[PDB]
Amino acid sequence: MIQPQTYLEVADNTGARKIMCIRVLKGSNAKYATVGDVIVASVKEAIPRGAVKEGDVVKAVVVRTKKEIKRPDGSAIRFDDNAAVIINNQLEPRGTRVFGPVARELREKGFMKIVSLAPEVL
Amino acid sequence: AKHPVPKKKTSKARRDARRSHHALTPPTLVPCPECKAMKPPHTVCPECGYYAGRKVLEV
Amino acid sequence: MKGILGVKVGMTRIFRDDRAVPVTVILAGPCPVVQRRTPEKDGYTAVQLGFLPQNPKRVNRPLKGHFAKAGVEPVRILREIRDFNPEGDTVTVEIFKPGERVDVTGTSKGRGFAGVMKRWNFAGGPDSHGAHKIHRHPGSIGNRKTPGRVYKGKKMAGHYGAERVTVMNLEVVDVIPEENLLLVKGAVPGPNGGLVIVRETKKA
Amino acid sequence: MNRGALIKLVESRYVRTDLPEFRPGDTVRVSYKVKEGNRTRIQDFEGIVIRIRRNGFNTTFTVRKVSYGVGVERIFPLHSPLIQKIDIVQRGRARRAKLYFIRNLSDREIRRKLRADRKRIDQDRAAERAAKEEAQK
Amino acid sequence: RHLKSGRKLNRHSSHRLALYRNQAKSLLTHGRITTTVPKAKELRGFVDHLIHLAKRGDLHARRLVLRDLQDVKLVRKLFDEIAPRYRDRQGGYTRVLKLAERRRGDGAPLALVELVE
RNA sequence: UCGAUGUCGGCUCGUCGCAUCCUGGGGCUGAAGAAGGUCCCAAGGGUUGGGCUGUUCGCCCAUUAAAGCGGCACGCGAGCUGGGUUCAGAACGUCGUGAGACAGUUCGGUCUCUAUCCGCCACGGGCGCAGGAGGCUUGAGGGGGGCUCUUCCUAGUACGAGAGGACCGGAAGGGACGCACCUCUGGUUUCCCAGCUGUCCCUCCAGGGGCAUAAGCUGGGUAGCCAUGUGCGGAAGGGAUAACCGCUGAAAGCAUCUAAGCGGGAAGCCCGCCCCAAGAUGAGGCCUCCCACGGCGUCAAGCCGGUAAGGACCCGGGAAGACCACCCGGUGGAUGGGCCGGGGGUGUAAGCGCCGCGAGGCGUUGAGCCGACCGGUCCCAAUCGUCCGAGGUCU
RNA sequence: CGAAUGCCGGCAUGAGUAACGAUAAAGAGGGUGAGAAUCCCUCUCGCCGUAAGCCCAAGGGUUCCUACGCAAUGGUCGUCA
RNA sequence: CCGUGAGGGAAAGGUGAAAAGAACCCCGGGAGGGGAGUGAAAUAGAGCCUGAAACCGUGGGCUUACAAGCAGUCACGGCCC
């Protein structure tokens, strides 16, 4: 459950490290975002050079969360952080890598490259 | 005293009428078998007591 | 309009296809039709069914052997089932098939003298900043000289729940004739052991 | 009527009697994973069991794993698409039932807080029982 | 909707326990106690449990009863002269009957509690 | 209205108006398509989260289908706030010789436990419903609810000066909101289990208890109550219309949706759905029960006294409940309590054996303890009883 | 005299309502007596312990001890003070 | 009684000619009653002559649970003396 003001760790080599949610792009009033939901977010801290400077305002897609994801089959999964991946408006990732696991919910949500690029889909 | 207060002295009419449901119910009693007496049900009472059971004092 | 008296027993989940489906089990013991209303004498048509069988012949005034299966009329009394007129000797669960959709009516749990902001979800006062005896209170309830009154229907505090509730269009997931059992899509008014009635749905 | 319960127990007929027993020790096992049009691909999850939550049928259990940077905690029904379940090291000998304390303090601090349970292992010796005497005894 | 759940209670934890105990000692001592109905009604199941333990008469059970009663003299009487009296009786070793009229004081209904037998 | 009508804004709670910001109809268009513009009909439902200021409002960030404008004493302080305004203290700039003064600034500054009437939300008592009962019902009439976005298929095909992209029809996903639910997930779980410190005590060791909160502290945690969890809902469908579009058609040889008639046509009206509901004194219906004058008035209660079917009281209780009410039991009984089994929580008790100098460690042992949950068992307790209550008015 | 938020007095209403003055905490068995949750005794339980324990100043002025009492006082009760 | 003090400053009359002030019995722990008794009188019984009103009771008549009110009034009709 990500909401505006939540900080999110980034899981790619875009050059950011922390972004912080400013809106969730679901409805007109979607309260929280979860895996596969896209969000707007300000960039909070970043590595010297790269695509993403501090205070750039970017779109990312939640790929891990702290609060569990329930599955149809009754099962669940939970990460030890909330992470996002940064994306360009037409919904392709900007980076070239992605670090750490990702939830398979992104597959149904049509995030193929990200999924390929993960080391492990949980 | 402060904020709300009564606005008019209340009629004897309206008073006695509020008290409509104030009348008490007479205590509910029955006769002690094995003893000539009127007690409430479900109670061991010193006119008698019970049978193979505890009570005041009797020979 | 099918329908049967029954008792909420409680819930678990099962697996379908490859997914956990929560279900509430209902026992719809066979229901001896003990009167039929006709439009002729009663005005409207329905069938009065009976449910929980056992009884130490506590039949006094409703001796009403009148219909065949007066089989000592049911503890849990008997209810009608509006427009419905079937094989006039008992209603089983064979009545239903898996897949079918049903409306379920029972009795929501009795919450007692509820607050507003439970009875209604009201916002309640701030836990801090502002003074301190109005945290769970309802705020204003009006304007001033016009209308100089409170409206009918004002959401306020009081007896909440312990009331009829019909939840609608539940999947029947499986039917065990053998045991007069019945599985649906979980979450039916009322507590376990509790009386319910179970009718074909309204999406048609 | 009489057993509000024992009725419901009757419905749970998707029970299992094939899974090794384990408890907050250290199992690892498979799944089922949909994708690619199919409901095929079995994938293995591999971890310390953090907590079993008992309730007959629909008792669940949960498994911790360190995937790359991240911790991952899984939660399992104890039933249904779980093809196999065989366990790694019945260690723990955890002094306690629920052991979430390891979330905060995981690394080698785990290892020397969750030493082997030779007792349960040494009865898995006895359970070796692979004397090949079928059609022979 | 407080109450969908077991065991009545006025006084807070520390002091309510203290009451079941001080009633237990007392019941086991004199064999007859006189109390307000509710108090009596709860005291019933607290003692039955102790009595039962005493019938099995193993060291553990003695230790186990000493938690609530703290007195060895009394605990003995229990294990040696009370718990034997049952031994052919399973459950319900305690009786509670109400009395007529209350206290000129606050009008509280009274019951009495007996060890049965 | 000065023998007092608290006087901005905020919050909470709403309800109304339409001159409509979305959403539904529609006519003009300088409407190719898509997207606008403009007016007409239409509030049913909606109308976001932040930064700045006490602000109203406004500007800005990110969204959105949309980010409407008003009334209700600039709605709402016997509901809260008191930031501003608005007492006494202090300061600046400024005016006055001064004492002091300024909708100019600035820092600070007491907002009252008890509701009598009306109103409103709940729940009962009385009586009536023209014999007396126990059930099941009908629904006059109320209330609730009414939302909306995306993606895809038709088809990149009608249309196109191309550089985009429909109508109609068909599918699959979301967002808020509403009613219910505890299987899952996630909380609490005040004594269910374990571990810990200090001290006093029981009994010296071991083993326990008190207090460190109204749980000493810590780690877990059933039932229940719950949302972050789960299932459902708005509908389909019918009817009458609005703006609007037509058929046939005179008065008026033509023309005209109209004067006679007839068709289309809105998220709007009515019905359909969910809940209340016969005090609907207009007190309804059906099923089934009990029926007799026994003794006295002016002759059917306006009569008492026993009754009948039934019903109270008293008692055990209940996911019912402030009390009341409701529901279920009362020995023909499993209603609570106890006990037993199953679930479940804790996570190998004490004692003894062994190992180590010892703190300890192993074994016995998934032990021992063990609330509510699903059950069983007459061991304990619902003993024994009483009081009500038709005897049935007229053509 | 009917009004002066009149003056003195008595008696209403709110009302069997709010309250009964520290959340340190009680329980049982015996006595006593017309009557006892409230008095005496005992045993369990809790609270204070640079005190809520002990001793002195000031202030108060018989509140001290004992025997009788229970109208009133004691926020209930009272056999106790 | 109030106030350190100067000072402030109430309330409260009435048995009957005579106390003849109610022995004794009864219920009650007493307080109070009921009989007896005194008296011309005891609804003269002791803050007791007279004993108004507010206010609170008990009994009796008429009357009210589908009506809306400055409470009265005018008219009819019923029931009661």
# chains A, B, ... in the order shown; residues from 1 in each chain; ligands from 1

$ closest_atom_pairs --of "chain D" --to "chain A" --cutoff "7 Å" --atoms "only C-alpha atoms" --output "JSON lines"
{"residue": "D:67", "atom": "CA", "partner": "A:101", "partner_atom": "CA", "distance": 6.3}
{"residue": "D:68", "atom": "CA", "partner": "A:100", "partner_atom": "CA", "distance": 5.0}
{"residue": "D:69", "atom": "CA", "partner": "A:100", "partner_atom": "CA", "distance": 5.6}
{"residue": "D:70", "atom": "CA", "partner": "A:80", "partner_atom": "CA", "distance": 6.1}
{"residue": "D:71", "atom": "CA", "partner": "A:80", "partner_atom": "CA", "distance": 5.2}
{"residue": "D:72", "atom": "CA", "partner": "A:79", "partner_atom": "CA", "distance": 4.8}
{"residue": "D:73", "atom": "CA", "partner": "A:78", "partner_atom": "CA", "distance": 5.1}
{"residue": "D:74", "atom": "CA", "partner": "A:77", "partner_atom": "CA", "distance": 4.6}
{"residue": "D:75", "atom": "CA", "partner": "A:76", "partner_atom": "CA", "distance": 5.0}
{"residue": "D:76", "atom": "CA", "partner": "A:75", "partner_atom": "CA", "distance": 5.3}
{"residue": "D:77", "atom": "CA", "partner": "A:75", "partner_atom": "CA", "distance": 6.4}

$ residues_around --residues "residue A:39" --least-positions-apart "6" --cutoff "7 Å" --atoms "only C-alpha atoms (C1' of nucleotides)" --output "ChimeraX atom specification"
/A:21,23-25,59-61

$ write_last_selection --atoms "N, CA and C atoms" --output "PDB file, in the first residue's frame"
ATOM      1  N   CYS A  21       6.197   9.121  -3.471  1.00  0.00           N
ATOM      2  CA  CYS A  21       4.931   9.151  -4.206  1.00  0.00           C
ATOM      3  C   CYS A  21       4.176  10.467  -4.058  1.00  0.00           C
ATOM      4  N   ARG A  23       1.225  11.068  -6.432  1.00  0.00           N
ATOM      5  CA  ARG A  23      -0.128  10.639  -6.749  1.00  0.00           C
ATOM      6  C   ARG A  23      -0.047   9.205  -7.148  1.00  0.00           C
ATOM      7  N   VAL A  24      -1.146   8.452  -7.029  1.00  0.00           N
ATOM      8  CA  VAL A  24      -1.273   7.142  -7.699  1.00  0.00           C
ATOM      9  C   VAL A  24      -2.167   7.370  -8.918  1.00  0.00           C
ATOM     10  N   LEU A  25      -1.777   6.829 -10.055  1.00  0.00           N
ATOM     11  CA  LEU A  25      -2.503   7.058 -11.285  1.00  0.00           C
ATOM     12  C   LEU A  25      -3.515   5.956 -11.524  1.00  0.00           C
ATOM     13  N   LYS A  59       7.545   9.037 -13.606  1.00  0.00           N
ATOM     14  CA  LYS A  59       6.595   7.925 -13.356  1.00  0.00           C
ATOM     15  C   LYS A  59       7.326   6.632 -13.074  1.00  0.00           C
ATOM     16  N   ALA A  60       6.908   5.904 -12.029  1.00  0.00           N
ATOM     17  CA  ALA A  60       7.459   4.566 -11.746  1.00  0.00           C
ATOM     18  C   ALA A  60       6.344   3.560 -11.573  1.00  0.00           C
ATOM     19  N   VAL A  61       6.699   2.279 -11.573  1.00  0.00           N
ATOM     20  CA  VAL A  61       5.712   1.220 -11.373  1.00  0.00           C
ATOM     21  C   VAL A  61       6.124   0.369 -10.184  1.00  0.00           C
TER      22      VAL A  61
END

$ select_by_dssp --residues "chain B" --states "helix (DSSP H, G or I)" --output "JSON list (two decimals) with N, CA and C atoms, in the first residue's frame"
[["chain", "number", "residue", "atom", "x", "y", "z"],
["B", 12, "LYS", "N", -48.33, 19.70, 37.81],
["B", 12, "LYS", "CA", -48.59, 18.54, 38.67],
["B", 12, "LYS", "C", -49.13, 17.46, 37.75],
["B", 13, "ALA", "N", -49.93, 17.86, 36.78],
["B", 13, "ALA", "CA", -50.38, 16.96, 35.74],
["B", 13, "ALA", "C", -49.20, 16.23, 35.05],
["B", 14, "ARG", "N", -48.33, 17.00, 34.41],
["B", 14, "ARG", "CA", -47.22, 16.39, 33.69],
["B", 14, "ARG", "C", -46.25, 15.61, 34.60],
["B", 15, "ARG", "N", -46.15, 16.02, 35.86],
["B", 15, "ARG", "CA", -45.34, 15.28, 36.85],
["B", 15, "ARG", "C", -45.95, 13.90, 37.23],
["B", 16, "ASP", "N", -47.15, 13.92, 37.79],
["B", 16, "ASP", "CA", -47.83, 12.70, 38.18],
["B", 16, "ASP", "C", -47.92, 11.72, 36.98],
["B", 17, "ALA", "N", -48.01, 12.26, 35.77],
["B", 17, "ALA", "CA", -48.07, 11.45, 34.54],
["B", 17, "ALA", "C", -46.74, 10.75, 34.12],
["B", 18, "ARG", "N", -45.63, 11.43, 34.31],
["B", 18, "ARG", "CA", -44.31, 10.83, 34.18],
["B", 18, "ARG", "C", -44.11, 9.67, 35.16],
["B", 19, "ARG", "N", -44.73, 9.80, 36.33],
["B", 19, "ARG", "CA", -44.61, 8.81, 37.39],
["B", 19, "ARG", "C", -45.57, 7.64, 37.16],
["B", 20, "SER", "N", -46.30, 7.65, 36.06],
["B", 20, "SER", "CA", -47.21, 6.56, 35.76],
["B", 20, "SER", "C", -46.55, 5.16, 35.92],
["B", 21, "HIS", "N", -45.28, 5.03, 35.60],
["B", 21, "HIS", "CA", -44.69, 3.72, 35.59],
["B", 21, "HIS", "C", -43.90, 3.45, 36.84]]

$ interface_residues --of "chain E" --to "chain F" --cutoff "6 Å" --atoms "only C-alpha atoms (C1' of nucleotides)" --output "PDB file with C-alpha atoms, in the first residue's frame"
ATOM      1  CA  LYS E   4     -19.751 -12.660  22.853  1.00  0.00           C
ATOM      2  CA  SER E   5     -17.460 -14.434  25.325  1.00  0.00           C
ATOM      3  CA  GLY E   6     -16.908 -16.139  28.660  1.00  0.00           C
ATOM      4  CA  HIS E  60       2.773 -31.738  40.325  1.00  0.00           C
ATOM      5  CA  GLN E  90     -16.664 -36.783  38.207  1.00  0.00           C
ATOM      6  CA  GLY E  91     -17.333 -33.059  37.916  1.00  0.00           C
ATOM      7  CA  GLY E  92     -19.685 -30.887  40.017  1.00  0.00           C
ATOM      8  CA  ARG E  95     -23.246 -26.616  45.230  1.00  0.00           C
TER       9      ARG E  95
END

$ select_by_dssp --residues "chain E" --states "strand (DSSP E)" --output "list in words"
residues 32, 33, 34, 35, 36, 95, 96, 97, 98, 110, 111, 112, 113 and 114 of chain E

$ residues_around --residues "stretch 15-27 of chain H" --least-positions-apart "4" --cutoff "9 Å" --atoms "only C-alpha atoms (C1' of nucleotides)" --output "VMD selection string"
chain H and resid 33 to 39 44 to 46 48 to 49

$ closest_atom_pairs --of "chain C" --to "chain A" --cutoff "7 Å" --atoms "only C-alpha atoms" --output "CSV"
residue,atom,partner,partner_atom,distance
C:18,CA,A:73,CA,6.3
C:19,CA,A:73,CA,4.1
C:20,CA,A:73,CA,4.9

$ residues_around --residues "residue C:90" --least-positions-apart "4" --cutoff "6 Å" --atoms "only C-alpha atoms (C1' of nucleotides)" --output "JSON list (two decimals) with C-alpha atoms, in the first residue's frame"
[["chain", "number", "residue", "atom", "x", "y", "z"],
["C", 31, "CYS", "CA", -38.62, -28.64, 4.43],
["C", 32, "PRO", "CA", -42.09, -30.17, 4.90],
["C", 33, "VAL", "CA", -44.59, -27.95, 3.14]]

$ residues_around --residues "residue G:34" --least-positions-apart "2" --cutoff "10 Å" --atoms "only C-alpha atoms (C1' of nucleotides)" --output "PDB file with N, CA and C atoms (P, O5', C5', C4', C3', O3' and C1' of nucleotides), in the first residue's frame"
ATOM      1  P     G H  28     -44.846  -5.982  69.656  1.00  0.00           P
ATOM      2  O5'   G H  28     -43.991  -4.651  69.471  1.00  0.00           O
ATOM      3  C5'   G H  28     -43.764  -4.117  68.142  1.00  0.00           C
ATOM      4  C4'   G H  28     -42.980  -2.817  68.168  1.00  0.00           C
ATOM      5  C3'   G H  28     -41.764  -2.755  69.089  1.00  0.00           C
ATOM      6  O3'   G H  28     -40.593  -3.296  68.465  1.00  0.00           O
ATOM      7  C1'   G H  28     -43.099  -0.816  69.363  1.00  0.00           C
ATOM      8  P     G H  29     -39.603  -4.245  69.307  1.00  0.00           P
ATOM      9  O5'   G H  29     -39.158  -3.281  70.495  1.00  0.00           O
ATOM     10  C5'   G H  29     -38.222  -3.683  71.505  1.00  0.00           C
ATOM     11  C4'   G H  29     -37.300  -2.531  71.841  1.00  0.00           C
ATOM     12  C3'   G H  29     -37.946  -1.160  72.050  1.00  0.00           C
ATOM     13  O3'   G H  29     -38.284  -0.943  73.427  1.00  0.00           O
ATOM     14  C1'   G H  29     -36.068  -0.981  70.577  1.00  0.00           C
ATOM     15  P     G H  30     -39.560  -0.043  73.856  1.00  0.00           P
ATOM     16  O5'   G H  30     -39.229   1.398  73.270  1.00  0.00           O
ATOM     17  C5'   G H  30     -38.784   2.453  74.132  1.00  0.00           C
ATOM     18  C4'   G H  30     -38.042   3.474  73.321  1.00  0.00           C
ATOM     19  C3'   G H  30     -38.884   4.589  72.742  1.00  0.00           C
ATOM     20  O3'   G H  30     -39.056   5.591  73.723  1.00  0.00           O
ATOM     21  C1'   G H  30     -37.510   3.716  71.057  1.00  0.00           C
TER      22        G H  30
END

$ residues_around --residues "residue E:33" --least-positions-apart "5" --cutoff "10 Å" --atoms "only C-alpha atoms (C1' of nucleotides)" --output "PDB file with N, CA and C atoms (P, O5', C5', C4', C3', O3' and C1' of nucleotides), in the first residue's frame"
ATOM      1  N   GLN E  23     -11.768 -16.544  48.231  1.00  0.00           N
ATOM      2  CA  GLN E  23     -13.001 -17.339  48.375  1.00  0.00           C
ATOM      3  C   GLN E  23     -12.709 -18.883  48.399  1.00  0.00           C
ATOM      4  N   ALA E  24     -11.734 -19.304  47.608  1.00  0.00           N
ATOM      5  CA  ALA E  24     -11.403 -20.695  47.538  1.00  0.00           C
ATOM      6  C   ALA E  24     -10.921 -21.222  48.888  1.00  0.00           C
ATOM      7  N   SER E  26     -11.384 -20.036  51.698  1.00  0.00           N
ATOM      8  CA  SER E  26     -12.540 -19.906  52.599  1.00  0.00           C
ATOM      9  C   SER E  26     -13.540 -21.032  52.408  1.00  0.00           C
ATOM     10  N   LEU E  27     -13.929 -21.287  51.158  1.00  0.00           N
ATOM     11  CA  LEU E  27     -14.811 -22.404  50.880  1.00  0.00           C
ATOM     12  C   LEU E  27     -14.184 -23.717  51.390  1.00  0.00           C
ATOM     13  N   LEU E  28     -12.986 -24.042  50.937  1.00  0.00           N
ATOM     14  CA  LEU E  28     -12.308 -25.238  51.400  1.00  0.00           C
ATOM     15  C   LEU E  28     -12.099 -25.301  52.894  1.00  0.00           C
ATOM     16  N   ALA E  40     -20.552 -15.984  44.164  1.00  0.00           N
ATOM     17  CA  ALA E  40     -20.817 -17.428  44.392  1.00  0.00           C
ATOM     18  C   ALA E  40     -20.755 -18.154  43.076  1.00  0.00           C
ATOM     19  N   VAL E  96     -24.446 -24.539  44.915  1.00  0.00           N
ATOM     20  CA  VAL E  96     -24.767 -23.138  45.181  1.00  0.00           C
ATOM     21  C   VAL E  96     -26.258 -22.901  45.210  1.00  0.00           C
ATOM     22  N   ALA E 111     -26.495 -15.938  48.079  1.00  0.00           N
ATOM     23  CA  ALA E 111     -26.529 -17.362  47.879  1.00  0.00           C
ATOM     24  C   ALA E 111     -25.546 -17.917  48.862  1.00  0.00           C
ATOM     25  N   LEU E 112     -25.572 -19.230  49.059  1.00  0.00           N
ATOM     26  CA  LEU E 112     -24.524 -19.889  49.818  1.00  0.00           C
ATOM     27  C   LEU E 112     -23.876 -20.977  48.947  1.00  0.00           C
ATOM     28  N   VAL E 113     -22.672 -21.397  49.325  1.00  0.00           N
ATOM     29  CA  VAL E 113     -21.884 -22.342  48.527  1.00  0.00           C
ATOM     30  C   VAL E 113     -21.346 -23.438  49.463  1.00  0.00           C
ATOM     31  N   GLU E 114     -21.558 -24.676  49.038  1.00  0.00           N
ATOM     32  CA  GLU E 114     -21.350 -25.848  49.861  1.00  0.00           C
ATOM     33  C   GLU E 114     -20.449 -26.742  49.032  1.00  0.00           C
ATOM     34  N   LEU E 115     -19.762 -27.630  49.728  1.00  0.00           N
ATOM     35  CA  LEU E 115     -18.799 -28.487  49.091  1.00  0.00           C
ATOM     36  C   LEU E 115     -19.450 -29.724  48.495  1.00  0.00           C
TER      37      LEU E 115
ATOM     38  P     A G  28     -17.870 -12.072  51.442  1.00  0.00           P
ATOM     39  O5'   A G  28     -17.395 -13.160  52.502  1.00  0.00           O
ATOM     40  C5'   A G  28     -17.281 -14.522  52.076  1.00  0.00           C
ATOM     41  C4'   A G  28     -16.498 -15.321  53.064  1.00  0.00           C
ATOM     42  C3'   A G  28     -17.114 -15.467  54.445  1.00  0.00           C
ATOM     43  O3'   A G  28     -18.172 -16.413  54.459  1.00  0.00           O
ATOM     44  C1'   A G  28     -14.835 -14.961  54.657  1.00  0.00           C
ATOM     45  P     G G  29     -19.145 -16.554  55.739  1.00  0.00           P
ATOM     46  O5'   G G  29     -18.169 -16.977  56.915  1.00  0.00           O
ATOM     47  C5'   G G  29     -17.650 -18.311  57.002  1.00  0.00           C
ATOM     48  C4'   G G  29     -16.987 -18.499  58.344  1.00  0.00           C
ATOM     49  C3'   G G  29     -17.834 -18.076  59.522  1.00  0.00           C
ATOM     50  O3'   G G  29     -18.822 -19.037  59.822  1.00  0.00           O
ATOM     51  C1'   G G  29     -15.711 -17.123  59.786  1.00  0.00           C
TER      52        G G  29
END

$ interface_residues --of "chain B" --to "chain F" --cutoff "7 Å" --atoms "only C-alpha atoms (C1' of nucleotides)" --output "count of residues only"
12

$ interface_residues --of "chain A" --to "chain F" --cutoff "6 Å" --atoms "only C-alpha atoms (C1' of nucleotides)" --output "number ranges by chain"
A: 27-30

$ write_last_selection --atoms "N, CA and C atoms" --output "PDB file, in the first residue's frame"
ATOM      1  N   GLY A  27      -7.642   5.806 -10.309  1.00  0.00           N
ATOM      2  CA  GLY A  27      -8.821   6.573 -10.680  1.00  0.00           C
ATOM      3  C   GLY A  27      -8.607   8.078 -10.622  1.00  0.00           C
ATOM      4  N   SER A  28      -9.628   8.731 -10.086  1.00  0.00           N
ATOM      5  CA  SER A  28      -9.545  10.112  -9.674  1.00  0.00           C
ATOM      6  C   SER A  28      -9.202  10.198  -8.184  1.00  0.00           C
ATOM      7  N   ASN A  29      -9.262   9.076  -7.471  1.00  0.00           N
ATOM      8  CA  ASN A  29      -9.086   9.124  -6.017  1.00  0.00           C
ATOM      9  C   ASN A  29      -8.531   7.836  -5.362  1.00  0.00           C
ATOM     10  N   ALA A  30      -7.993   6.943  -6.182  1.00  0.00           N
ATOM     11  CA  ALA A  30      -7.431   5.701  -5.678  1.00  0.00           C
ATOM     12  C   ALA A  30      -6.561   5.973  -4.480  1.00  0.00           C
TER      13      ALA A  30
END

$ atom_distance --atom1 "atom CA of residue D:54" --atom2 "atom CA of residue C:7"
26.9 Å

$ residues_around --residues "residue E:19" --least-positions-apart "4" --cutoff "12 Å" --atoms "only C-alpha atoms (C1' of nucleotides)" --output "PyMOL selection string"
(chain E and resi 9-15+23-27+35+39-40+42-43+46+68-69) or (chain G and resi 25-28+44-46)

$ decode --residues "stretch 9-57 of chain G" --atoms "C-alpha atoms (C1' of nucleotides)" --output "PDB file, in the first residue's frame"
ATOM      1  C1'   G G   9     -41.632  33.954  55.556  1.00  0.00           C
ATOM      2  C1'   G G  10     -43.630  29.140  53.857  1.00  0.00           C
ATOM      3  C1'   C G  11     -44.308  25.777  50.108  1.00  0.00           C
ATOM      4  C1'   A G  12     -43.546  23.960  44.800  1.00  0.00           C
ATOM      5  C1'   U G  13     -40.612  22.687  39.898  1.00  0.00           C
ATOM      6  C1'   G G  14     -36.173  20.482  38.008  1.00  0.00           C
ATOM      7  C1'   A G  15     -36.347  14.767  40.550  1.00  0.00           C
ATOM      8  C1'   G G  16     -36.476  10.212  43.011  1.00  0.00           C
ATOM      9  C1'   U G  17     -32.686  13.136  38.943  1.00  0.00           C
ATOM     10  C1'   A G  18     -26.762  14.980  39.537  1.00  0.00           C
ATOM     11  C1'   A G  19     -24.240  13.696  43.384  1.00  0.00           C
ATOM     12  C1'   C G  20     -22.419  10.875  47.985  1.00  0.00           C
ATOM     13  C1'   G G  21     -15.293  14.345  47.816  1.00  0.00           C
ATOM     14  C1'   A G  22      -9.279  10.971  45.314  1.00  0.00           C
ATOM     15  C1'   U G  23      -9.539   3.958  40.888  1.00  0.00           C
ATOM     16  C1'   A G  24      -4.581   2.084  47.889  1.00  0.00           C
ATOM     17  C1'   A G  25      -9.141  -3.137  47.318  1.00  0.00           C
ATOM     18  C1'   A G  26     -11.288  -6.206  49.076  1.00  0.00           C
ATOM     19  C1'   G G  27     -13.042 -11.384  51.120  1.00  0.00           C
ATOM     20  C1'   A G  28     -14.835 -14.961  54.657  1.00  0.00           C
ATOM     21  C1'   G G  29     -15.711 -17.123  59.786  1.00  0.00           C
ATOM     22  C1'   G G  30     -17.091 -15.952  64.397  1.00  0.00           C
ATOM     23  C1'   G G  31     -19.187 -12.309  68.296  1.00  0.00           C
ATOM     24  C1'   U G  32     -22.783  -8.412  69.818  1.00  0.00           C
ATOM     25  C1'   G G  33     -27.559  -6.526  69.386  1.00  0.00           C
ATOM     26  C1'   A G  34     -34.669  -5.059  68.189  1.00  0.00           C
ATOM     27  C1'   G G  35     -31.697  -4.148  63.809  1.00  0.00           C
ATOM     28  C1'   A G  36     -25.044  -5.108  61.176  1.00  0.00           C
ATOM     29  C1'   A G  37     -21.611  -4.688  54.014  1.00  0.00           C
ATOM     30  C1'   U G  38     -20.487  -0.220  57.756  1.00  0.00           C
ATOM     31  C1'   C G  39     -19.164  -2.059  65.544  1.00  0.00           C
ATOM     32  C1'   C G  40     -15.719  -6.128  68.075  1.00  0.00           C
ATOM     33  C1'   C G  41     -12.465 -10.436  67.311  1.00  0.00           C
ATOM     34  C1'   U G  42      -9.760 -13.890  63.824  1.00  0.00           C
ATOM     35  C1'   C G  43      -7.700 -15.371  59.269  1.00  0.00           C
ATOM     36  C1'   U G  44      -6.782 -14.217  54.092  1.00  0.00           C
ATOM     37  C1'   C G  45      -6.077  -9.874  50.220  1.00  0.00           C
ATOM     38  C1'   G G  46      -4.213  -4.866  48.960  1.00  0.00           C
ATOM     39  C1'   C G  47      -1.780   0.470  50.110  1.00  0.00           C
ATOM     40  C1'   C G  48       2.002   3.856  52.665  1.00  0.00           C
ATOM     41  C1'   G G  49       7.160   3.322  54.467  1.00  0.00           C
ATOM     42  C1'   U G  50      12.700  10.704  53.329  1.00  0.00           C
ATOM     43  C1'   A G  51       5.500   8.209  54.932  1.00  0.00           C
ATOM     44  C1'   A G  52       0.114   8.015  54.703  1.00  0.00           C
ATOM     45  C1'   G G  53       5.425   5.859  60.432  1.00  0.00           C
ATOM     46  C1'   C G  54       7.511   8.515  65.230  1.00  0.00           C
ATOM     47  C1'   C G  55       8.635  13.237  68.033  1.00  0.00           C
ATOM     48  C1'   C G  56       8.426  18.893  68.630  1.00  0.00           C
ATOM     49  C1'   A G  57       6.740  24.027  67.741  1.00  0.00           C
TER      50        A G  57
END
